[PDB]
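Notes to accompany the following structure.
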Amino acid sequence: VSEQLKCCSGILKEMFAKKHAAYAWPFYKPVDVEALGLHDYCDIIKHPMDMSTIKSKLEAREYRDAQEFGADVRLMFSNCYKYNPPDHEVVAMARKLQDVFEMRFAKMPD
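459 is the number that the entry's author numbering gives the last residue of the sequence shown; the numbers go up by one with no jumps.
Right, here's the structure in full:
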């Protein structure tokens, strides 16, 4: 792939690293609406996204560029902020993981 898209795989790998796991784990897989009892989630969140889905898209070379990858990562976090109250524990986790992502995504070379 492009160099920028290789860097994106490295960013996602970092988001999967154990040092971040205590706040990243909710985002590892698709929100399991049945397991969680969330009867309004699919209505509120029209475009679900998670880290495993992003990884699959990287592996299948489905992103046209780094901005498309970044849009999916931000969609994942935005969905969390949209669905949940701002004081929710999962929102705090999203913000900590988004801090990891934004710092690395910003420091990508041009």
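All C-beta atoms in this analysis are idealised placements derived from N, C-alpha and C, irrespective of residue type, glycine included.
Residues near residue i by beta carbon distance below 8 Å, same chain, minus five either side
{"i": "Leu446", "result": "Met364, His369, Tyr372, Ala373, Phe376, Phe426"}
Under the three-state DSSP convention, the category residue i falls into
{"i": "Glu411", "result": "coil"}
{"i": "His396", "result": "coil"}
{"i": "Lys368", "result": "helix"}
{"i": "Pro375", "result": "helix"}
{"i": "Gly419", "result": "helix"}
{"i": "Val382", "result": "helix"}
{"i": "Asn428", "result": "helix"}
Distance cut-off 6 Å: residue i Cβ against heavy atoms of the ligand HEM
{"i": "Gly419", "result": "Ligands displayed in this structure: none; no statement on the ligand HEM is therefore possible."}
Element boundaries [alpha helix (DSSP H), containing residue i]
{"i": "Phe454", "result": "438-455"}
{"i": "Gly359", "result": "352-364"}
7 Å Cβ shell around residue i - same chain, five flanking residues per side excluded
{"i": "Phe450", "result": "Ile360, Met364, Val422"}
{"i": "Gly419", "result": "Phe454"}
8 Å contact criterion, which residue i and residue j should meet: CB distance rounded
{"i": "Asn433", "j": "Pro397", "result": "The Cβ separation is near 14 Å, so there is no contact."}
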